[PDB]
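The chain below stands alone, shown as structure tokens; this is the form deposited in one PDB entry.
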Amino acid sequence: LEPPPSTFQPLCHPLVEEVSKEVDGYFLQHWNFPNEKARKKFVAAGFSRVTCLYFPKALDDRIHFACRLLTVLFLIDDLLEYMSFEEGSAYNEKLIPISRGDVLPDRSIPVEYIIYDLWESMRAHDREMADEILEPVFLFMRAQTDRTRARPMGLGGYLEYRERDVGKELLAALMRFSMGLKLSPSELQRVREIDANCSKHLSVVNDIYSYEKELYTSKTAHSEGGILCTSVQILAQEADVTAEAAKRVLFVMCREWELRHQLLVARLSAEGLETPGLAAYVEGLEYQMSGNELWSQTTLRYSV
């Protein structure tokens, strides 16, 4: 799969080696892995590396919080594949009061106390910005087990649902937290179209690279939790082509969304509407798109 040309230069946080060591090391002590094979596969995924490619301009003392959060969410995302929608929903709903800090964790259950301690530490660092990540996380969690996954979707309807299931909004709030980048509600409302476009790119690039893993899961895991819900299958069905052909076509559409991101950013500036915070923010989204792609292309999570 030769990626078509992009004008985006991916960038990686300069503390990625140290933070990956710290965070992988934390999860290897605390998380319950079913065996050695799983522990090695965990390290091979490089979950702190994807984080550092997503947020290459995070503050040095904040990048580790983001790595911890995306790491725990990835581990949960995989666990849900062995569950029904109802089981998965119960699992996620238990973590929500714990994430808010309202209910104490059972210390003999690593997902509970990892989540509790992580969000406590985030609020201890920046309460206001940490709090702004909560509802976006919950929105994503609830999307993950939404029964709409077992209903037929066309490309447009899928992308609208996928914006939640991909965690676009939590990733935006986490990006802002990690950079200490505060935006007003007026600034936030102004970039909604830019956010919705960026979401499509993150989602589809992920779908392209994760298709084989998800196909295998769909054949071996739970009939609900493991269900194949991906633009790759949707376009292959709609257009009657192979999944491989669908990927080639979808990658071209991803470059069209890159072009649209540039035009939308230009138009924001050409109207009177770009602020310094908004420029840092839309540039940050660019890094999410290119970093997501660079990680997806290199991670053993998708290639083995």
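Under this definition, the rigid core comprises the largest set of C-alpha atoms superposing within 1.5 Å between the forms. Numbers follow the displayed sequence, beginning with 1.
The next section is about a form of this same protein that is not shown, the form deposited in another entry.
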{"property": "Shifted position (C-alpha, 2 Å or more, core held fixed) between the shown form and the other one, chosen from 79, 109, 155, 188", "result": "155"}
{"property": "Per-residue C-alpha change between the shown form and the other one, residue 234, threshold 2 Å, rigid core fit", "result": "yes"}
{"property": "Cα displacement of residue 246 between the shown form and the other one reaching 2 Å, rigid core superposed", "result": "yes"}
{"property": "Residue 213 C-alpha relocation of at least 2 Å between the shown form and the other one, rigid core basis", "result": "yes"}
